[PDB]
>>> print(open('query-v8.csv').read())   # CSV, C-alpha atoms
chain,number,residue,atom,x,y,z
A,50,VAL,CA,-116.9,-109.9,98.3
A,51,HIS,CA,-114.6,-112.9,98.4
A,52,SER,CA,-112.7,-114.9,101.0
A,53,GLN,CA,-109.5,-113.6,102.6
A,54,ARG,CA,-107.3,-116.0,100.6
A,55,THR,CA,-109.0,-115.0,97.3
A,56,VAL,CA,-108.5,-111.3,98.0
A,57,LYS,CA,-104.8,-111.8,98.9
A,58,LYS,CA,-104.5,-113.9,95.7
A,59,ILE,CA,-105.9,-111.2,93.4
A,60,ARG,CA,-104.0,-108.4,95.2
A,61,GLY,CA,-100.7,-110.3,95.0
A,62,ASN,CA,-101.3,-111.3,91.4
A,63,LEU,CA,-102.0,-107.7,90.3
A,64,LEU,CA,-99.3,-106.1,92.5
A,65,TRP,CA,-96.7,-108.5,91.2
A,66,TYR,CA,-97.6,-108.7,87.5
A,67,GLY,CA,-98.2,-105.0,87.1
A,68,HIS,CA,-94.8,-104.5,88.6
A,69,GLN,CA,-93.5,-107.0,86.1
A,70,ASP,CA,-95.6,-105.7,83.2
A,71,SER,CA,-94.6,-102.0,83.7
A,72,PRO,CA,-93.3,-100.3,80.5
A,73,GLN,CA,-90.2,-99.2,82.5
A,74,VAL,CA,-89.3,-102.9,83.2
A,75,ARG,CA,-90.0,-103.6,79.5
A,76,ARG,CA,-87.7,-100.8,78.3
A,77,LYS,CA,-84.9,-101.8,80.7
A,78,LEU,CA,-85.2,-105.4,79.4
A,79,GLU,CA,-85.2,-104.4,75.8
A,80,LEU,CA,-82.2,-102.1,76.4
A,81,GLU,CA,-80.4,-105.1,77.9
A,82,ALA,CA,-81.4,-107.2,74.9
A,83,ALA,CA,-80.1,-104.4,72.7
A,84,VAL,CA,-76.8,-104.5,74.4
A,85,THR,CA,-76.8,-108.3,73.9
A,86,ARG,CA,-77.6,-107.9,70.2
A,87,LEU,CA,-75.0,-105.1,69.9
A,88,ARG,CA,-72.0,-107.1,71.2
A,89,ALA,CA,-73.2,-110.1,69.2
A,90,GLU,CA,-73.1,-107.8,66.2
A,91,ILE,CA,-69.6,-106.8,67.3
A,92,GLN,CA,-68.5,-110.5,67.3
A,93,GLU,CA,-70.1,-111.2,63.9
A,94,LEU,CA,-68.8,-108.1,62.2
A,95,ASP,CA,-65.3,-108.7,63.6
A,96,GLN,CA,-65.5,-112.4,62.4
A,97,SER,CA,-66.3,-111.2,58.9
A,98,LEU,CA,-63.5,-108.6,59.1
B,102,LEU,CA,-77.3,-98.2,79.1
B,103,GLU,CA,-78.2,-95.8,76.3
B,104,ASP,CA,-74.6,-94.5,76.3
B,105,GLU,CA,-73.3,-98.0,76.0
B,106,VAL,CA,-75.7,-98.7,73.2
B,107,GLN,CA,-74.7,-95.5,71.3
B,108,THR,CA,-71.0,-96.1,71.8
B,109,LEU,CA,-71.4,-99.6,70.3
B,110,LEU,CA,-73.5,-98.1,67.5
B,111,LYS,CA,-70.8,-95.5,66.6
B,112,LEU,CA,-68.2,-98.3,66.9
B,113,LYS,CA,-70.1,-100.3,64.3
B,114,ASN,CA,-70.6,-97.1,62.3
B,115,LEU,CA,-66.9,-96.6,62.1
B,116,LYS,CA,-66.6,-100.4,61.4
B,117,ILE,CA,-68.8,-100.0,58.3
B,118,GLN,CA,-66.9,-96.8,57.3
B,119,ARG,CA,-63.8,-99.0,57.4
B,120,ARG,CA,-65.6,-102.0,55.9
B,121,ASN,CA,-66.1,-100.2,52.6
B,122,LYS,CA,-62.5,-99.0,52.9
B,123,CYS,CA,-61.4,-102.6,53.3
B,124,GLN,CA,-63.4,-103.5,50.2
B,125,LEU,CA,-61.4,-100.8,48.4
B,126,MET,CA,-58.2,-102.2,49.9
B,127,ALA,CA,-58.9,-105.7,48.8
B,128,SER,CA,-59.7,-104.3,45.3
B,129,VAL,CA,-56.4,-102.4,45.0
B,130,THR,CA,-54.4,-105.3,46.4
B,131,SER,CA,-56.0,-107.7,44.0
B,132,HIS,CA,-55.4,-105.4,41.1
B,133,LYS,CA,-51.7,-105.0,42.1
B,134,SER,CA,-51.3,-108.7,42.5
B,135,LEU,CA,-52.8,-109.3,39.1
B,136,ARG,CA,-50.5,-106.6,37.8
B,137,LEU,CA,-47.5,-108.5,39.1
B,138,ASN,CA,-48.9,-111.8,37.6
B,139,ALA,CA,-49.1,-109.9,34.3
B,140,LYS,CA,-45.5,-108.7,34.8
B,141,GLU,CA,-44.5,-112.4,35.0
B,142,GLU,CA,-45.5,-113.0,31.4
B,143,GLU,CA,-42.9,-110.6,29.9
B,144,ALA,CA,-40.3,-112.5,31.9
B,145,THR,CA,-41.5,-115.8,30.5
B,146,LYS,CA,-41.7,-114.6,26.9
B,147,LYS,CA,-38.2,-113.0,27.1
B,148,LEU,CA,-37.0,-116.3,28.6
B,149,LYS,CA,-38.6,-118.3,25.7
B,150,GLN,CA,-38.2,-116.2,22.5
B,151,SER,CA,-34.8,-114.7,23.2
>>> encode(input="query-v8.csv", output="structure tokens")
Amino acid sequence: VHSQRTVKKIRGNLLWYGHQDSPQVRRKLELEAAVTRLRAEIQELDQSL
Amino acid sequence: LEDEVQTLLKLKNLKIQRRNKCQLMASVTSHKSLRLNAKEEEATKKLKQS
């Protein structure tokens, strides 16, 4: 049993971070980073060409 | 997003499959240029000895 502010704190912390730490958010972010790495590779390979 | 990733991946696959081709093309161009440079020497020796 806690205070109301502490319970809202813990509930908001979990319900926001677990939304942020979901593996679906992580896989979307790494696919966006993969797109970034891929057109960076496009630029570098075209520069070498 | 995966479609975009694989299209860029096959783009770079064809880029490598033309990269080795470009290595071959630089090779044959360099050989033909050195061939012409070696063709210069008959012209020089025929200009000198004759």
>>> closest_atom_pairs(input="query-v8.csv", of="chain A", to="chain B", cutoff="10 Å", atoms="all atoms listed in the file", output="CSV")
residue,atom,partner,partner_atom,distance
A:77,CA,B:102,CA,8.6
A:80,CA,B:102,CA,6.8
A:81,CA,B:102,CA,7.7
A:83,CA,B:106,CA,7.2
A:84,CA,B:106,CA,6.0
A:85,CA,B:106,CA,9.7
A:86,CA,B:106,CA,9.9
A:87,CA,B:109,CA,6.6
A:88,CA,B:109,CA,7.6
A:90,CA,B:113,CA,8.3
A:91,CA,B:113,CA,7.2
A:94,CA,B:116,CA,8.0
A:95,CA,B:116,CA,8.7
A:97,CA,B:120,CA,9.7
A:98,CA,B:120,CA,7.6
>>> atom_distance(input="query-v8.csv", atom1="CA of residue 69 in chain A", atom2="CA of residue 82 in chain A")
16.5 Å
>>> atom_distance(input="query-v8.csv", atom1="CA of residue 131 in chain B", atom2="CA of residue 146 in chain B")
23.3 Å
>>> atom_distance(input="query-v8.csv", atom1="CA of residue 150 in chain B", atom2="CA of residue 135 in chain B")
23.2 Å
>>> build_atoms(input="query-v8.csv", residues="range 124-150 of chain B", atoms="N, CA, C and O atoms", output="mmCIF file, in the coordinates of the input")
data_model
loop_
_atom_site.group_PDB
_atom_site.id
_atom_site.type_symbol
_atom_site.label_atom_id
_atom_site.label_comp_id
_atom_site.auth_asym_id
_atom_site.auth_seq_id
_atom_site.Cartn_x
_atom_site.Cartn_y
_atom_site.Cartn_z
ATOM 1 N N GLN B 124 -63.052 -103.066 51.535
ATOM 2 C CA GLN B 124 -63.400 -103.500 50.200
ATOM 3 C C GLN B 124 -62.530 -102.847 49.149
ATOM 4 O O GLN B 124 -62.019 -103.506 48.232
ATOM 5 N N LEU B 125 -62.310 -101.537 49.303
ATOM 6 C CA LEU B 125 -61.400 -100.800 48.400
ATOM 7 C C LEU B 125 -59.978 -101.355 48.507
ATOM 8 O O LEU B 125 -59.258 -101.415 47.501
ATOM 9 N N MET B 126 -59.553 -101.752 49.708
ATOM 10 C CA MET B 126 -58.200 -102.200 49.900
ATOM 11 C C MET B 126 -57.949 -103.563 49.292
ATOM 12 O O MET B 126 -56.905 -103.822 48.687
ATOM 13 N N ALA B 127 -58.930 -104.453 49.457
ATOM 14 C CA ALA B 127 -58.900 -105.700 48.800
ATOM 15 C C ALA B 127 -58.906 -105.552 47.265
ATOM 16 O O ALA B 127 -58.222 -106.279 46.539
ATOM 17 N N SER B 128 -59.672 -104.567 46.780
ATOM 18 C CA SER B 128 -59.700 -104.300 45.300
ATOM 19 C C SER B 128 -58.337 -103.856 44.830
ATOM 20 O O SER B 128 -57.831 -104.411 43.846
ATOM 21 N N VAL B 129 -57.711 -102.877 45.493
ATOM 22 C CA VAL B 129 -56.400 -102.400 45.000
ATOM 23 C C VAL B 129 -55.327 -103.411 45.177
ATOM 24 O O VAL B 129 -54.431 -103.529 44.332
ATOM 25 N N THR B 130 -55.397 -104.216 46.245
ATOM 26 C CA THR B 130 -54.400 -105.300 46.400
ATOM 27 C C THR B 130 -54.560 -106.368 45.387
ATOM 28 O O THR B 130 -53.558 -106.874 44.869
ATOM 29 N N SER B 131 -55.801 -106.735 45.050
ATOM 30 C CA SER B 131 -56.000 -107.700 44.000
ATOM 31 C C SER B 131 -55.575 -107.230 42.653
ATOM 32 O O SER B 131 -54.976 -107.981 41.874
ATOM 33 N N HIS B 132 -55.843 -105.954 42.352
ATOM 34 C CA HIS B 132 -55.400 -105.400 41.100
ATOM 35 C C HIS B 132 -53.847 -105.350 41.024
ATOM 36 O O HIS B 132 -53.271 -105.663 39.983
ATOM 37 N N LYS B 133 -53.176 -105.002 42.125
ATOM 38 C CA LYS B 133 -51.700 -105.000 42.100
ATOM 39 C C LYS B 133 -51.116 -106.372 42.010
ATOM 40 O O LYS B 133 -50.086 -106.577 41.350
ATOM 41 N N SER B 134 -51.759 -107.357 42.646
ATOM 42 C CA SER B 134 -51.300 -108.700 42.500
ATOM 43 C C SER B 134 -51.469 -109.258 41.101
ATOM 44 O O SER B 134 -50.571 -109.920 40.564
ATOM 45 N N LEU B 135 -52.609 -108.958 40.467
ATOM 46 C CA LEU B 135 -52.800 -109.300 39.100
ATOM 47 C C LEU B 135 -51.864 -108.561 38.148
ATOM 48 O O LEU B 135 -51.464 -109.076 37.099
ATOM 49 N N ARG B 136 -51.499 -107.333 38.530
ATOM 50 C CA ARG B 136 -50.500 -106.600 37.800
ATOM 51 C C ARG B 136 -49.148 -107.328 37.826
ATOM 52 O O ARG B 136 -48.500 -107.488 36.789
ATOM 53 N N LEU B 137 -48.735 -107.800 39.006
ATOM 54 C CA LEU B 137 -47.500 -108.500 39.100
ATOM 55 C C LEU B 137 -47.547 -109.868 38.342
ATOM 56 O O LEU B 137 -46.564 -110.291 37.713
ATOM 57 N N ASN B 138 -48.707 -110.527 38.377
ATOM 58 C CA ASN B 138 -48.900 -111.800 37.600
ATOM 59 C C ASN B 138 -48.811 -111.478 36.103
ATOM 60 O O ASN B 138 -48.328 -112.318 35.333
ATOM 61 N N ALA B 139 -49.282 -110.306 35.670
ATOM 62 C CA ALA B 139 -49.100 -109.900 34.300
ATOM 63 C C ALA B 139 -47.715 -109.434 33.970
ATOM 64 O O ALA B 139 -47.322 -109.364 32.803
ATOM 65 N N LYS B 140 -46.956 -109.054 34.996
ATOM 66 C CA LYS B 140 -45.500 -108.700 34.800
ATOM 67 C C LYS B 140 -44.702 -109.996 34.665
ATOM 68 O O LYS B 140 -43.598 -109.937 34.110
ATOM 69 N N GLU B 141 -45.202 -111.119 35.178
ATOM 70 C CA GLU B 141 -44.500 -112.400 35.000
ATOM 71 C C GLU B 141 -44.421 -112.824 33.545
ATOM 72 O O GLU B 141 -43.453 -113.492 33.148
ATOM 73 N N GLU B 142 -45.404 -112.441 32.718
ATOM 74 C CA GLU B 142 -45.500 -113.000 31.400
ATOM 75 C C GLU B 142 -44.414 -112.409 30.440
ATOM 76 O O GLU B 142 -43.954 -113.101 29.526
ATOM 77 N N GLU B 143 -44.017 -111.146 30.645
ATOM 78 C CA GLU B 143 -42.900 -110.600 29.900
ATOM 79 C C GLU B 143 -41.610 -111.333 30.198
ATOM 80 O O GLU B 143 -40.806 -111.617 29.304
ATOM 81 N N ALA B 144 -41.411 -111.663 31.475
ATOM 82 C CA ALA B 144 -40.300 -112.500 31.900
ATOM 83 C C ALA B 144 -40.266 -113.825 31.212
ATOM 84 O O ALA B 144 -39.235 -114.284 30.705
ATOM 85 N N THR B 145 -41.433 -114.478 31.172
ATOM 86 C CA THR B 145 -41.500 -115.800 30.500
ATOM 87 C C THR B 145 -41.278 -115.717 29.029
ATOM 88 O O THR B 145 -40.563 -116.557 28.465
ATOM 89 N N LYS B 146 -41.859 -114.718 28.354
ATOM 90 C CA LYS B 146 -41.700 -114.600 26.900
ATOM 91 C C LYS B 146 -40.280 -114.196 26.526
ATOM 92 O O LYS B 146 -39.766 -114.614 25.483
ATOM 93 N N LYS B 147 -39.634 -113.368 27.352
ATOM 94 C CA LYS B 147 -38.200 -113.000 27.100
ATOM 95 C C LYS B 147 -37.319 -114.201 27.452
ATOM 96 O O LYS B 147 -36.210 -114.276 26.915
ATOM 97 N N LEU B 148 -37.749 -115.104 28.336
ATOM 98 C CA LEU B 148 -37.000 -116.300 28.600
ATOM 99 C C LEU B 148 -37.171 -117.323 27.427
ATOM 100 O O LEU B 148 -36.275 -118.135 27.175
ATOM 101 N N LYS B 149 -38.311 -117.281 26.737
ATOM 102 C CA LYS B 149 -38.600 -118.300 25.700
ATOM 103 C C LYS B 149 -38.034 -117.780 24.323
ATOM 104 O O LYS B 149 -37.204 -118.458 23.705
ATOM 105 N N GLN B 150 -38.507 -116.624 23.843
ATOM 106 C CA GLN B 150 -38.200 -116.200 22.500
ATOM 107 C C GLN B 150 -36.766 -115.803 22.287
ATOM 108 O O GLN B 150 -36.154 -116.132 21.261
#
